[PDB]
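K.L.:
Input structure-v8.txt, format and content: compact mmCIF, C-alpha atoms and all ligand atoms.
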```
# COMPACT_ATOMS: atom_id res chain seq x y z
CA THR G 254 9.41 8.28 6.16
CA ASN G 255 10.44 11.19 3.88
CA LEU G 256 11.02 13.66 6.74
CA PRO G 257 13.65 16.37 6.09
CA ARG G 258 17.05 15.98 7.71
CA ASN G 259 17.45 19.58 8.93
CA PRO G 260 13.99 21.15 9.52
CA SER G 261 15.67 24.33 10.86
CA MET G 262 16.78 25.12 7.32
CA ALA G 263 13.37 24.31 5.78
CA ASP G 264 12.64 28.06 5.70
CA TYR G 265 14.27 29.78 2.68
CA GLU G 266 15.22 32.98 4.53
CA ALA G 267 17.12 30.84 7.06
CA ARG G 268 19.19 29.17 4.34
CA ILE G 269 20.13 32.36 2.48
CA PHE G 270 21.29 33.71 5.88
CA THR G 271 24.04 31.03 6.07
CA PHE G 272 25.70 32.57 2.99
CA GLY G 273 27.08 35.51 5.01
CA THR G 274 29.54 37.02 2.53
CA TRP G 275 29.96 34.02 0.23
CA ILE G 276 33.02 34.48 -1.96
CA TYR G 277 32.47 31.71 -4.53
CA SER G 278 31.16 32.21 -8.06
CA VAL G 279 27.96 30.12 -7.91
CA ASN G 280 24.97 32.38 -7.22
CA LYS G 281 24.14 32.22 -3.50
CA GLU G 282 20.57 33.31 -4.24
CA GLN G 283 19.99 30.34 -6.60
CA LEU G 284 21.73 27.91 -4.21
CA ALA G 285 19.18 28.66 -1.47
CA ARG G 286 16.30 28.22 -3.95
CA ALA G 287 17.60 24.73 -4.74
CA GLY G 288 17.46 23.98 -1.00
CA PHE G 289 21.11 24.31 -0.02
CA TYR G 290 22.90 26.14 2.79
CA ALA G 291 26.58 26.92 3.45
CA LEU G 292 28.73 25.28 6.12
CA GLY G 293 31.94 27.25 6.64
CA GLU G 294 34.52 24.80 5.26
CA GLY G 295 35.24 25.62 1.61
CA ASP G 296 32.36 25.90 -0.85
CA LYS G 297 30.58 22.99 0.87
CA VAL G 298 26.78 23.03 1.07
CA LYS G 299 23.95 20.61 1.91
CA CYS G 300 20.26 20.20 1.01
CA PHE G 301 18.02 20.82 4.05
CA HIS G 302 15.79 17.92 3.05
CA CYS G 303 17.86 15.09 1.62
CA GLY G 304 21.13 16.02 3.37
CA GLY G 305 23.31 15.51 0.26
CA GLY G 306 26.47 17.61 0.22
CA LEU G 307 28.15 19.23 -2.82
CA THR G 308 31.61 20.88 -3.16
CA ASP G 309 34.03 22.41 -5.72
CA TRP G 310 31.66 24.38 -7.99
CA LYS G 311 32.69 25.47 -11.48
CA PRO G 312 31.68 29.11 -12.23
CA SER G 313 28.28 28.88 -13.98
CA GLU G 314 26.95 25.46 -12.88
CA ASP G 315 23.30 25.25 -11.83
CA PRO G 316 22.53 24.14 -8.25
CA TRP G 317 19.27 22.48 -9.33
CA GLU G 318 21.00 20.48 -12.02
CA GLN G 319 23.69 19.33 -9.57
CA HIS G 320 21.12 18.55 -6.82
CA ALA G 321 19.31 16.33 -9.34
CA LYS G 322 22.54 14.88 -10.71
CA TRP G 323 23.93 13.47 -7.49
CA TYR G 324 20.86 13.31 -5.27
CA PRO G 325 17.76 12.52 -7.43
CA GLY G 326 15.81 11.04 -4.49
CA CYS G 327 15.17 14.31 -2.60
CA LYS G 328 11.48 15.08 -1.91
CA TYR G 329 12.07 18.85 -1.91
CA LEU G 330 13.64 18.48 -5.34
CA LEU G 331 10.79 16.32 -6.59
CA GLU G 332 8.07 18.70 -5.36
CA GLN G 333 9.93 21.69 -6.84
CA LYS G 334 11.25 20.28 -10.16
CA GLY G 335 9.22 17.09 -10.81
CA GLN G 336 9.67 13.61 -12.27
CA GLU G 337 10.62 14.47 -15.83
CA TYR G 338 13.32 16.94 -14.78
CA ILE G 339 14.96 14.50 -12.38
CA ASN G 340 14.83 11.47 -14.69
CA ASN G 341 15.98 13.58 -17.64
CA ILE G 342 19.13 14.72 -15.85
CA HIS G 343 19.72 11.21 -14.56
CA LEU G 344 19.48 9.59 -17.96
CA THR G 345 22.00 12.27 -19.13
CA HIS G 346 24.55 11.88 -16.32
CA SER G 347 24.29 8.17 -17.18
CA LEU G 348 25.57 8.79 -20.72
CA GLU G 349 29.21 9.47 -19.68
CA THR T 254 3.96 17.94 -12.78
CA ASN T 255 3.91 14.83 -10.58
CA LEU T 256 0.62 13.30 -11.81
CA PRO T 257 0.80 9.62 -12.79
CA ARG T 258 1.53 9.08 -16.49
CA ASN T 259 -0.86 6.12 -16.63
CA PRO T 260 -3.51 6.57 -13.93
CA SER T 261 -5.45 3.54 -15.29
CA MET T 262 -2.68 1.31 -13.98
CA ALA T 263 -2.62 3.10 -10.60
CA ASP T 264 -4.47 0.16 -9.02
CA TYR T 265 -2.31 -2.88 -8.15
CA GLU T 266 -5.09 -5.26 -9.26
CA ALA T 267 -5.07 -3.46 -12.62
CA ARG T 268 -1.30 -4.01 -12.85
CA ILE T 269 -1.29 -7.70 -11.79
CA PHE T 270 -3.97 -8.44 -14.42
CA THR T 271 -1.62 -7.38 -17.28
CA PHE T 272 0.64 -10.36 -16.35
CA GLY T 273 -1.75 -12.94 -17.82
CA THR T 274 0.32 -16.11 -17.43
CA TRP T 275 3.65 -14.32 -17.10
CA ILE T 276 6.31 -16.66 -18.44
CA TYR T 277 9.40 -14.65 -17.60
CA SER T 278 11.75 -15.25 -14.71
CA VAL T 279 11.05 -12.15 -12.54
CA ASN T 280 8.14 -12.33 -10.10
CA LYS T 281 4.95 -10.58 -11.24
CA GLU T 282 3.73 -9.82 -7.70
CA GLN T 283 7.00 -7.95 -7.07
CA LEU T 284 6.81 -6.28 -10.51
CA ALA T 285 3.28 -4.93 -9.94
CA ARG T 286 4.05 -3.94 -6.36
CA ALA T 287 7.01 -1.96 -7.71
CA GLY T 288 4.49 -0.09 -9.88
CA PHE T 289 5.02 -1.94 -13.18
CA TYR T 290 2.58 -3.36 -15.72
CA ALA T 291 3.21 -5.56 -18.76
CA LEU T 292 2.97 -4.15 -22.28
CA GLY T 293 2.40 -7.49 -24.01
CA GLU T 294 5.65 -7.67 -25.98
CA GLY T 295 8.57 -9.59 -24.52
CA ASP T 296 9.22 -8.80 -20.86
CA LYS T 297 8.78 -5.06 -21.48
CA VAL T 298 7.14 -3.32 -18.50
CA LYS T 299 6.41 0.33 -17.66
CA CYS T 300 5.81 2.10 -14.35
CA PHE T 301 2.34 3.64 -14.20
CA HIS T 302 3.63 6.79 -12.47
CA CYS T 303 6.95 7.78 -14.07
CA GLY T 304 6.37 5.85 -17.31
CA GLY T 305 9.85 4.35 -17.13
CA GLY T 306 10.23 1.26 -19.30
CA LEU T 307 12.37 -1.75 -18.34
CA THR T 308 13.22 -4.94 -20.29
CA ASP T 309 15.51 -8.00 -20.52
CA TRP T 310 15.18 -9.11 -16.88
CA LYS T 311 17.57 -11.50 -15.22
CA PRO T 312 16.28 -14.50 -13.15
CA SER T 313 16.85 -13.08 -9.65
CA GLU T 314 16.51 -9.28 -10.09
CA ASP T 315 14.66 -6.97 -7.70
CA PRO T 316 12.11 -4.82 -9.58
CA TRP T 317 12.31 -2.10 -6.92
CA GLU T 318 16.06 -1.81 -7.30
CA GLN T 319 15.90 -1.58 -11.11
CA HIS T 320 13.04 0.97 -10.82
CA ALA T 321 15.36 3.05 -8.62
CA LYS T 322 18.55 2.40 -10.58
CA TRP T 323 17.08 3.79 -13.80
CA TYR T 324 14.22 6.09 -12.84
CA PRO T 325 15.08 7.64 -9.46
CA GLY T 326 12.59 10.48 -10.14
CA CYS T 327 9.34 8.47 -9.73
CA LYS T 328 6.94 10.04 -7.14
CA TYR T 329 5.51 6.58 -6.53
CA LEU T 330 8.97 5.19 -5.76
CA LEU T 331 9.87 8.03 -3.38
CA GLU T 332 6.63 7.60 -1.42
CA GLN T 333 6.99 3.81 -1.23
CA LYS T 334 10.73 3.47 -0.64
CA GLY T 335 12.18 6.83 0.50
CA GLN T 336 14.98 9.35 -0.14
CA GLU T 337 17.69 7.23 1.45
CA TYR T 338 16.88 4.09 -0.56
CA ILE T 339 16.88 5.94 -3.88
CA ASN T 340 20.01 8.01 -3.27
CA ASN T 341 21.72 4.86 -2.02
CA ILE T 342 21.14 2.85 -5.18
CA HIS T 343 22.08 5.86 -7.27
CA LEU T 344 25.31 6.26 -5.35
CA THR T 345 26.12 2.56 -5.85
CA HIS T 346 25.12 2.48 -9.54
CA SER T 347 27.25 5.57 -10.20
CA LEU T 348 30.38 3.53 -9.35
CA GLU T 349 29.99 0.74 -11.94
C1 LIG R 401 32.89 9.52 -5.55
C2 LIG R 401 31.41 9.12 -5.67
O1 LIG R 401 30.62 9.94 -4.80
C3 LIG R 401 29.54 10.68 -5.40
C4 LIG R 401 30.05 11.75 -6.42
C5 LIG R 401 29.62 13.11 -5.84
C6 LIG R 401 30.72 14.17 -5.96
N1 LIG R 401 30.42 15.35 -5.10
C7 LIG R 401 30.87 16.60 -5.43
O2 LIG R 401 30.61 17.54 -4.71
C8 LIG R 401 31.67 16.92 -6.67
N2 LIG R 401 31.31 18.28 -7.06
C9 LIG R 401 30.56 18.61 -8.12
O3 LIG R 401 30.11 17.76 -8.87
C10 LIG R 401 30.31 20.08 -8.37
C11 LIG R 401 28.99 20.50 -7.73
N3 LIG R 401 30.31 20.33 -9.82
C12 LIG R 401 31.63 20.16 -10.45
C13 LIG R 401 33.18 16.93 -6.39
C14 LIG R 401 33.72 15.52 -6.10
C15 LIG R 401 35.23 15.57 -5.82
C16 LIG R 401 35.97 16.20 -7.00
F1 LIG R 401 37.33 16.26 -6.70
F2 LIG R 401 35.78 15.43 -8.16
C17 LIG R 401 35.43 17.62 -7.25
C18 LIG R 401 33.94 17.54 -7.58
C19 LIG R 401 29.65 15.19 -3.83
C20 LIG R 401 30.60 15.11 -2.65
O4 LIG R 401 31.71 14.64 -2.79
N4 LIG R 401 30.18 15.56 -1.45
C21 LIG R 401 31.02 15.51 -0.25
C22 LIG R 401 31.17 14.03 0.17
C23 LIG R 401 31.11 13.84 1.70
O5 LIG R 401 29.96 14.50 2.23
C24 LIG R 401 29.88 15.83 2.00
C25 LIG R 401 29.29 16.65 2.97
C26 LIG R 401 29.20 18.01 2.76
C27 LIG R 401 29.70 18.56 1.57
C28 LIG R 401 30.28 17.75 0.61
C29 LIG R 401 30.38 16.38 0.82
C30 LIG R 401 28.75 13.95 -3.78
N5 LIG R 401 29.44 12.83 -4.39
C31 LIG R 401 28.82 11.51 -4.31
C1 LIG R 402 21.51 4.55 -22.38
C2 LIG R 402 20.54 5.23 -21.41
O1 LIG R 402 19.31 4.48 -21.34
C3 LIG R 402 18.94 3.97 -20.04
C4 LIG R 402 19.52 2.55 -19.81
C5 LIG R 402 18.32 1.75 -19.25
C6 LIG R 402 18.39 0.26 -19.59
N1 LIG R 402 17.05 -0.39 -19.62
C7 LIG R 402 16.92 -1.75 -19.55
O2 LIG R 402 15.80 -2.22 -19.59
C8 LIG R 402 18.06 -2.72 -19.39
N2 LIG R 402 17.55 -3.80 -18.57
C9 LIG R 402 17.82 -3.97 -17.27
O3 LIG R 402 18.52 -3.19 -16.66
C10 LIG R 402 17.21 -5.16 -16.58
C11 LIG R 402 16.07 -4.69 -15.68
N3 LIG R 402 18.25 -5.86 -15.81
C12 LIG R 402 19.24 -6.54 -16.67
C13 LIG R 402 18.48 -3.48 -20.65
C14 LIG R 402 18.46 -2.70 -21.97
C15 LIG R 402 18.61 -3.76 -23.07
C16 LIG R 402 19.86 -4.65 -22.86
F1 LIG R 402 19.82 -5.73 -23.74
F2 LIG R 402 20.99 -3.89 -23.13
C17 LIG R 402 19.99 -5.23 -21.45
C18 LIG R 402 19.87 -4.08 -20.45
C19 LIG R 402 15.81 0.40 -19.76
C20 LIG R 402 15.35 0.36 -21.18
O4 LIG R 402 16.12 0.04 -22.06
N4 LIG R 402 14.07 0.70 -21.44
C21 LIG R 402 13.52 0.71 -22.79
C22 LIG R 402 13.87 2.08 -23.39
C23 LIG R 402 12.82 2.50 -24.44
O5 LIG R 402 11.53 2.49 -23.84
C24 LIG R 402 11.11 1.33 -23.27
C25 LIG R 402 9.74 1.06 -23.22
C26 LIG R 402 9.30 -0.11 -22.64
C27 LIG R 402 10.22 -1.01 -22.12
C28 LIG R 402 11.58 -0.74 -22.17
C29 LIG R 402 12.03 0.44 -22.74
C30 LIG R 402 15.96 1.88 -19.36
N5 LIG R 402 17.17 2.36 -19.97
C31 LIG R 402 17.41 3.81 -19.97
ZN ZN R 403 17.86 17.36 -1.63
ZN ZN R 404 21.79 10.53 -11.86
ZN ZN R 405 8.19 4.91 -11.51
ZN ZN R 406 21.41 6.35 -10.61
```
In structure tokens, what does this structure look like?

P.N.:
Amino acid sequence: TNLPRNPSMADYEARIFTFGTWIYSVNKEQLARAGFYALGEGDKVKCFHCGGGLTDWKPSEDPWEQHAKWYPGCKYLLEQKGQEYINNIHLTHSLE
Amino acid sequence: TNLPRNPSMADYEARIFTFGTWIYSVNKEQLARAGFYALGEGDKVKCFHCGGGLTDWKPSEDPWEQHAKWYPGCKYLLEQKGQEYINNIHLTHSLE
């Protein structure tokens, strides 16, 4: 079923905690909203629910947009951002 | 919000009905199961939930796969098929 991969990190306050002095430019606070947590090797992160990992962030990129871009099938994403958002970003990423 | 775009076509029996002597190659049972109904022009179909239109079907195609390939945001799709399935087809598609 659609059960989250890491239920430990389902709680927001737990995710934000993994960014313990996070040196990279992308806003840690926003990253944890989008359902990601740090790892400890580079700027690597993962969604608690879908398990999709992202790395090498440009300065002002949006975690939500990237989450949708590469991992549109996440339930946490869908509940939080919805159908239109996800499909809209997908049909944009497509045009490349 | 994740409400169905066409709740009239939420029922499978409602969907299957729209394929009144369906001439085209693709299987109508599979099409309606995948959440599609016919529009009555060509082989154009839409998904009752996400509203994603698809057309010009090839003889052997899987409606579920095309649903996922093009509209990975569908709430109906996620529930029926799962995170892993959707992300998987997206990952594959991406490299084409
Ligand atoms: C190849 C097809 O695979 C798809 C593409 C997408 C790229 N990506 C990425 O993280 C890409 N990052 C971004 O798009 C960032 C968020 N914006 C620029 C990077 C891919 C390598 C690069 F050199 F191009 C720098 C950008 C993710 C990625 O590579 N994640 C890695 C892969 C292995 O698993 C993990 C686990 C944890 C963290 C990261 C990853 C997911 N990828 C799937
Ligand atoms: C550029 C970004 O747009 C994306 C691409 C994707 C392709 N597609 C399609 O339906 C494509 N069909 C398929 O992939 C079929 C299922 N397999 C070959 C065909 C588009 C026409 C074609 F002659 F080129 C043959 C492929 C769908 C499509 O064209 N749907 C149309 C768009 C307008 O709205 C409706 C409404 C009802 C039915 C179809 C559509 C969805 N598209 C979005
Ligand atoms: Zn996710
Ligand atoms: Zn996409
Ligand atoms: Zn759909
Ligand atoms: Zn895709």

K.L.:
One decimal, in Å: what's the spacing between atom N1 of ligand LIG 402 (chain R) and atom CA of residue T:262?

P.N.:
20.6 Å

K.L.:
Between G:257, G:273, G:288, G:293, which is the closest to chain T once you count only C-alpha atoms?

P.N.:
G:257

K.L.:
Which distance in Å separates atom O3 of ligand LIG 401 (chain R) and atom CA of residue G:318, to one decimal?

P.N.:
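Atom-to-atom, atom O3 of ligand LIG 401 (chain R) to atom CA of residue G:318, that is 10.0 Å.
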
K.L.:
Looking at all atoms listed in the file, which of T:322, T:302, T:311, T:343 is the one that sits closest to residue T:264?

P.N.:
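Checking each of T:322, T:302, T:311, T:343 against residue T:264, counting all atoms listed in the file, the winner is T:302.
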
K.L.:
With 8 Å of padding per side, what axis-aligned box (centre and edge lengths, Å, one decimal) covers all the listed atoms of stretch 326-345 of chain T? Give it as JSON.

P.N.:
```
{"center_x": 15.8, "center_y": 6.5, "center_z": -4.3, "size_x": 36.6, "size_y": 23.9, "size_z": 27.6}
```

K.L.:
Show me, as a list in words, every residue of chain G with an atom at most 9 Å from chain T, counting all atoms listed in the file.

P.N.:
residues 254, 255, 303, 305, 321, 323, 324, 325, 326, 327, 328, 331, 332, 334, 335, 336, 337, 338, 339, 340, 341, 343, 344 and 347 of chain G

K.L.:
Determine, using all atoms listed in the file, which residues of chain T have any atom at most 10 Å from an atom of ligand LIG 402 (chain R), and tabulate each with its shortest atom pair and distance in Å to one decimal place, rows ordered by chain and then rising number, as a tab-separated table.

P.N.:
```
residue	atom	partner	partner_atom	distance
T:279	CA	R:LIG402	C11	9.5
T:291	CA	R:LIG402	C27	9.0
T:292	CA	R:LIG402	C26	7.5
T:294	CA	R:LIG402	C27	9.0
T:295	CA	R:LIG402	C27	9.1
T:296	CA	R:LIG402	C27	8.0
T:297	CA	R:LIG402	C27	4.3
T:298	CA	R:LIG402	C27	5.3
T:299	CA	R:LIG402	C26	5.8
T:300	CA	R:LIG402	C26	9.3
T:304	CA	R:LIG402	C25	8.3
T:305	CA	R:LIG402	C25	6.9
T:306	CA	R:LIG402	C27	3.6
T:307	CA	R:LIG402	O2	3.7
T:308	CA	R:LIG402	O2	3.8
T:309	CA	R:LIG402	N2	5.1
T:310	CA	R:LIG402	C10	4.5
T:311	CA	R:LIG402	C12	5.4
T:312	CA	R:LIG402	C12	9.2
T:313	CA	R:LIG402	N3	9.6
T:314	CA	R:LIG402	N3	6.9
T:315	CA	R:LIG402	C11	8.4
T:316	CA	R:LIG402	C11	7.3
T:317	CA	R:LIG402	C11	9.9
T:318	CA	R:LIG402	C11	8.9
T:319	CA	R:LIG402	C11	5.5
T:320	CA	R:LIG402	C11	8.1
T:322	CA	R:LIG402	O3	8.3
T:323	CA	R:LIG402	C5	5.9
T:324	CA	R:LIG402	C30	8.0
```

K.L.:
Any idea what the distance is between atom CA of residue G:283 and atom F1 of ligand LIG 401 (chain R)?

P.N.:
22.3 Å

K.L.:
Considering only C-alpha atoms, return as a list in words whatever protein or nucleic-acid residues lie within 9 Å of residue T:267, sequence-local ones (same chain, fewer than 5 positions apart) excluded.

P.N.:
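Contacts, with the query itself left out: residues 261, 262, 285 and 290 of chain T.
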
K.L.:
Would you please work out which residue, of T:272, T:301, T:284, T:349, is nearest to residue T:258 when using only C-alpha atoms?

P.N.:
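Between T:272, T:301, T:284, T:349, the residue approaching residue T:258 most closely is T:301.
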
K.L.:
Could I get stretch 311-327 of chain G rebuilt with N, CA and C atoms, written as a short mmCIF file (atom, residue, chain, number, x, y, z; two decimals), in the coordinates of the input?

P.N.:
```cif
data_model
loop_
_atom_site.label_atom_id
_atom_site.label_comp_id
_atom_site.auth_asym_id
_atom_site.auth_seq_id
_atom_site.Cartn_x
_atom_site.Cartn_y
_atom_site.Cartn_z
N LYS G 311 32.18 24.71 -10.33
CA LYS G 311 32.69 25.47 -11.48
C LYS G 311 31.81 26.72 -11.59
N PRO G 312 32.36 27.82 -12.14
CA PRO G 312 31.68 29.11 -12.23
C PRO G 312 30.15 29.08 -12.43
N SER G 313 29.68 28.65 -13.59
CA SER G 313 28.28 28.88 -13.98
C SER G 313 27.37 27.65 -13.88
N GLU G 314 27.77 26.66 -13.08
CA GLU G 314 26.95 25.46 -12.88
C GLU G 314 25.65 25.80 -12.18
N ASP G 315 24.61 25.01 -12.44
CA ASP G 315 23.30 25.25 -11.83
C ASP G 315 23.09 24.35 -10.62
N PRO G 316 22.76 24.94 -9.46
CA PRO G 316 22.53 24.14 -8.25
C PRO G 316 21.46 23.07 -8.44
N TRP G 317 20.35 23.43 -9.07
CA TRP G 317 19.27 22.48 -9.33
C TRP G 317 19.75 21.31 -10.13
N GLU G 318 20.51 21.57 -11.19
CA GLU G 318 21.00 20.48 -12.02
C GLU G 318 21.90 19.56 -11.19
N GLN G 319 22.80 20.14 -10.40
CA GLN G 319 23.69 19.33 -9.57
C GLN G 319 22.93 18.54 -8.49
N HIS G 320 22.01 19.20 -7.80
CA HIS G 320 21.12 18.55 -6.82
C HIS G 320 20.50 17.31 -7.42
N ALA G 321 19.92 17.45 -8.61
CA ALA G 321 19.31 16.33 -9.34
C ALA G 321 20.34 15.29 -9.76
N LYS G 322 21.52 15.75 -10.15
CA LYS G 322 22.54 14.88 -10.71
C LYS G 322 23.01 13.86 -9.70
N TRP G 323 23.32 14.33 -8.50
CA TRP G 323 23.93 13.47 -7.49
C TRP G 323 22.95 12.97 -6.47
N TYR G 324 21.87 13.71 -6.26
CA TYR G 324 20.86 13.31 -5.27
C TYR G 324 19.43 13.40 -5.83
N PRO G 325 19.09 12.52 -6.79
CA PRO G 325 17.76 12.52 -7.43
C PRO G 325 16.58 12.13 -6.53
N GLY G 326 16.86 11.53 -5.38
CA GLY G 326 15.81 11.04 -4.49
C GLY G 326 15.22 12.03 -3.49
N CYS G 327 15.68 13.27 -3.50
CA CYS G 327 15.17 14.31 -2.60
C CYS G 327 13.69 14.63 -2.85
#
```
